[PDB]
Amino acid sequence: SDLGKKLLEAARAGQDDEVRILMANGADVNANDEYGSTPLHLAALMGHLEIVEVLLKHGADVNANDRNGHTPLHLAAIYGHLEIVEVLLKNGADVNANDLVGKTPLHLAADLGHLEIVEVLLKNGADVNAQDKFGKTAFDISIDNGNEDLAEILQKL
């Protein structure tokens, strides 16, 4: 029986009770699939807050990269999952972690246009002037997208 594969599936699917049994049987909370996703990645992707919390207190790696370079915080940003963002920041996430195109969670939340997450990231240490691999800051992204409310927030001194 491959406990890690079952744990990945249970974390994605919101199966809290099965997550607990699998950990009780020794499942590796840092198991990964062929794309480098861990249970924390998938639980974050699906907005399963309680599973994220359980994985974190079991010691799951908070800043592990999947095959795109994304940490769980990148995924919480990209899709705009506010409560996930907040709990990862309280539990050791690297707010300025870069993916394979040089983007931080701030770049991803800015491209999404999620104002509240952008400000949570900034006020929890995001580098407002971080540049991705093609030289863009979050402000440049907001300009490119025409999101003037976001551009205002990003340029606030």
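In this text, residue numbers run from 1 along the sequence as written.
Higher mean CA temperature factor, per the PDB entry, when comparing 6-14 with 142-150: 142-150.
Between 55-63 and 32-40, the higher mean Cα B-factor belongs to 32-40. Annotation for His70: C-alpha temperature factor in the lowest third relative to the rest of the modelled chain, per the entry. Annotation for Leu100: C-alpha temperature factor in the highest third relative to the rest of the modelled chain, per the entry.
Per the PDB record, residue ranking by Cα B-factor puts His107 in the lowest third of the chain. The deposited CA B-factor of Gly47 belongs to the highest third of values across its chain.
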